[PDB]
Amino acid sequence: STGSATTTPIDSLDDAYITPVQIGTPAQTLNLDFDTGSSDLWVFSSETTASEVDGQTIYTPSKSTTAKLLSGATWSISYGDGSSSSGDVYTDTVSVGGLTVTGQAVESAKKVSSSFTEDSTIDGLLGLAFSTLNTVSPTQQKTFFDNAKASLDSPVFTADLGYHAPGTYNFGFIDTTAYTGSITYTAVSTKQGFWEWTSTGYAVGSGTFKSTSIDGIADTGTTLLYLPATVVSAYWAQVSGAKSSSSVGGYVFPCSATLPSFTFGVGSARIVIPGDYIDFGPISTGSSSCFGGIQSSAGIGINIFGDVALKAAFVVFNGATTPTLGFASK
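Structure (structure tokens):
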């Protein structure tokens with residue numbers, strides 16, 4: 070089997086992407102944030118504290134003839150941005166782009182933190198990291214990909230995120246029309262539960278490529294590119310007037326600037342992030358200070374190849390017995 074679904078930016082900045090997901094019988098369609106950096110499929114629901122729902126579409130398990138309470142199971146997750154959610158668990162039928170999994174754990178939120186409430190466009194998350202990170206207790210649950218894997222034509226999914234435009238998540242096949250050149254594959258460590266890999270270096274603009282190992286995660290659920298402070302300083306040094314602002318929370322730059330590109334290495338191959346992809350617009354409405362899309366990971370503990378990086382590539386998440394990642398230009 071295969072599946073193919075379009076993923077759409079939630080706003081004009083590509084702050085996140087939502088993909089329609091069918092849950093239950095009859096189908097209830099929710100728009101979920103596909104997140105290769107976490108491993109829980111959780112939704113706003115009829116159980117979510119009413120004051121914490123503000124425009125989201127909710128899953129109502131009592132209206133699904135295939136929903137079943139997973140008795141005793143609870144979940145609770147915290148994300149790197151400080152947001153969180155928790156609740157109980159149902160199993161139900163879940164379909165993405167024509168690919169159906171029966172008995173998928175659907176984690177129903179009883180509580181969500183303010184940032185989830187405040188984003189009316191995201192009805193939940195669909196985790197695509199390794200199932201060892203799944204938070205359901207006392208019986209850990211599998212991701213949608215893990216459940217579907219054996220049925221897929223090939224044990225892969227691909228992320229093809231658009232810049233200021235829709236893109237595609239495919240399951241079970243590699244669309245050879247969706248990328249240019251060849252796909253370069255690179256080794257993955259699953260020891261932390263992430264799609265963790267080592268970039269071979271970087272370049273700023275037309276500058277020379279610096280060969281240096283950068284360990285980090287391919288994370289579709291993180292907006293920006295978070296890299297070591299040395300790398301990030303070298304980037305922003307090429308933008309007149311750019312500075313790190315403690316009050317804003319990162320590098321800002323004059324909105325009048327033209328940003329240089331940023332290249333990262335995948336083996337001997339190179340992925341070029343155009344400068345425009347690094348502009349996240351005014352820090353506040355009407356400001357002439359703009360927020361940068363490349364930020365330091367120094368306070369995180371891990372480097373994160375988020376959407377800014379991944380949207381410059383066609384990315385293969387290869388879930389074979391030894392997982393690997395593939396990157397192609399497009």
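Just so you know, we're using mature numbering (1 follows the signal peptide of the UniProt record, and there is no 0) here: the sequence shown kicks off at 70 and counts up by one. Note that CB positions come from ideal geometry on N, CA and C, so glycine has one too.
Shown here for residue 257: same chain residues with a beta carbon closer than 7 Å to its own, the five before and five after excluded, namely 264, 265, 266, 392, 393, 394 in chain order. As the crow flies, the alpha-carbon of residue 123 is around 12 Å from that of residue 114. Rounded to whole angstroms, the gap between the alpha carbons of residue 353 and residue 95 is 42 Å.
Under the criterion of beta carbons closer than 8 Å, residue 106 and residue 288 qualify as touching, at roughly 4 Å. For residue 304, the uninterrupted alpha helix (DSSP H) segment begins and ends at 298-305. The Cβ atoms of residue 388 and residue 214 sit closer than 8 Å to each other. Following the DSSP letters along the chain, one finds residue 377 inside the alpha helix (DSSP H) bounded by residues 376-379. For residue 293, the three-state secondary structure derived from DSSP is coil. Boundaries cannot be given for residue 367, as no beta strand (DSSP E) includes it and DSSP labels it neither H nor E. Counting only the Cα atoms, residue 297 lies some 12 Å from residue 374.
A Cβ-Cβ contact shorter than 8 Å links residue 262 with residue 201. Taking residue 78 as the centre and dropping the five residues before and after it, the same chain places the C-beta of 86 closer than 6 Å to its C-beta, in chain order. Between the stretch 221-232 and the stretch 128-143 there are fewer than three inter-stretch CB-CB distances shorter than 8 Å, so the stretches are not counted as touching. One thing to note: residue 397 has its Cβ no nearer than 8 Å to the Cβ of residue 269. Between residue 360 and residue 319 the beta-carbon gap is near 7 Å, inside 8 Å, which marks them as a contact. Going by DSSP, residue 217 is part of the alpha helix (DSSP H) stretching over 213-217. The count of Cβ pairs closer than 8 Å, one atom from the stretch 355-372 and one from the stretch 275-282, stays below three, leaving the stretches out of contact.
The alpha carbon of residue 303 has as its nearest neighbour, out of 285, 293, 329, the alpha carbon of 329. By the criterion of at least three beta-carbon pairs nearer than 8 Å, the stretch 145-154 is in contact with the stretch 178-185. Assignment of beta-bridge partners to residue 239 by DSSP yields 73, 227. Rounded to whole angstroms, the Cβ separation of residue 110 and residue 196 is 6 Å, and the two are in contact under 8 Å.
Of the residues 341, 190, 342, the one whose Cα lies closest to the Cα of residue 80 is 190. In the structure shown, the three-state DSSP call for residue 189 is coil. Residues of the same chain with a CB within less than 6 Å of the CB of residue 199, apart from the 5 flanking positions on each side, are 259, 262 in chain order.
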